[PDB]
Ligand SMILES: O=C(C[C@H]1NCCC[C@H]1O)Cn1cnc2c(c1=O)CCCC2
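Next comes just one chain, in structure tokens: the form deposited without this ligand.
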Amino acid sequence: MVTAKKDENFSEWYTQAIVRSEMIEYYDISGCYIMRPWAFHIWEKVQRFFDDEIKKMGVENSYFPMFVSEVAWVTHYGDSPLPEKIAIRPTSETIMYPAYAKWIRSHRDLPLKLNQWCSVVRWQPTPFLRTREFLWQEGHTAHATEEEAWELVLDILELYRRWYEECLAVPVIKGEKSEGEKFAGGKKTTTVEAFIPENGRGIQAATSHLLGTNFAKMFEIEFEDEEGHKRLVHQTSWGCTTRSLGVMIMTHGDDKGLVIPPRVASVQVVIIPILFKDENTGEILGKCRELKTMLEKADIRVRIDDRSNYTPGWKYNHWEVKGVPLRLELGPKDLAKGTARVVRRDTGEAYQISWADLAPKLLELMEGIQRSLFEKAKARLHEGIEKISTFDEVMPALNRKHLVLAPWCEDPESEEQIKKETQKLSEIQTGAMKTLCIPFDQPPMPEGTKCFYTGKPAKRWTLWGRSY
């Protein structure tokens, strides 16, 4: 059972929700966690979804060593030292890019498209959101042209929007990072941003980089043009991590614990046979098994919780804290009437559905729930963004736990100034406010509109806020 209130002690509510739903287990190296089936199976769903979509695009998977010759060093084995100290892979570029130079010779070798599903390590932790060790996906492509490369960068970004909005039901905002927030080696970084109302922080959801040609020049990734001319390749890289799970929990969770969007739920309907005195139990258990079969033929994912060592009441709370969307109760009365009682997790509403009507009615409720979760979350995000024009509007907005959309000249130096300044003021009253992205969806920029900070001509509207 979850006792901490989401809107009162947020970090405590969160720890409760993930721990009490059996998603994680804690561990003696800080920033490292055991990922349990309840969390891992949800990751399987999005992984499957993304994997299928990238295969449609002709992307292939592969696996690279975790060892190369910033860095973390394996220097000893036992007590004997290593004749050469071997590095754990800091980043994949080190290995993939030499290999790309050797595999690419002609335009006939392009585009080259590889992805990896693996875990990675980094070196003040929060489960899912910021960990020393996570699962992710990372893709690296090589093209003959920038247009082709750029088209892939956006296609992936669109898949990341889908992963969040279609699967996780989390609304996200597409945009470019500032010069100071993009990948430093790369030409151009696109991103997806989410928002956590309860502490008003923005959080980067996934990223898709147009890397251009620097790494190609650096690793001599070169190809023969159709006319026989030596050209550099145009590269992209992209990734999305198990952070996405964090955001989903934080977005849809309520006081009773997890709420899982049907489209990614391991168990969509849990069936709970009510036993009170042992005269009707056989018929009841038998019916449930039939309903499971009937529902499964409609692609519904179902688990009968017929464990005899637990009460009906214990089962409700259990499947509620785990966030199963739909609970179906079948007791002696329900059996006699030919019906089942169904309760949605998002709202608590209960329905009495007759056996024949069950598949279509559950299919429909799940769509209702999935959509309802997203729209509620979308409404919240819009409610958390304040359009503003002057810097003095900023601190009052951040105290409302809101983000801000403001006209900015896009001067990198101004962004550092803005970071420092907002940090400084937040202390008097980290607290810093930084660019989250410059949205693809730009409102109009009336002529002569000034940057909200420097007074100079504003170039574009920028999403700002406190951040993870």
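Rigid core here is just the name for the largest C-alpha set that superposes within 1.5 Å across the two forms. When you see a residue number, it is the position in the sequence shown, counting from 1.
Although not depicted, the form solved in complex with this ligand is the subject of the following passage.
- Figure note: of the listed segments 288-296, 165-173, 131-139, 327-335, the one touching this ligand in the deposited complex, with heavy atoms no more than 4.5 Å away, is 131-139.
- Comment: this ligand is not present in this chain, but in the deposited complex one of 384, 111, 253, 239 has a heavy atom within 4.5 Å of it, namely 239.
- The partner is absent here; in the deposited complex, the one residue of 178, 207, 268, 370 having a heavy atom within 4.5 Å of this ligand is 207.
- Contact annotation: residue 122 falls within 4.5 Å of this ligand in the deposited complex, judged by heavy atom distances.
- Contact annotation: residue 314 falls outside 4.5 Å of this ligand in the deposited complex, judged by heavy atom distances.
- In the deposited complex, no heavy atom of residue 117 sits within 4.5 Å of this ligand.
- Under a 4.5 angstroms non-hydrogen atom cutoff, this ligand in the deposited complex has residue 93 among its neighbouring residues.
- Just a single entry of 89, 252, 315, 243 exceeds or equals a 2 Å CA shift between the shown form and the other one, which is 89 (rigid core superposed).
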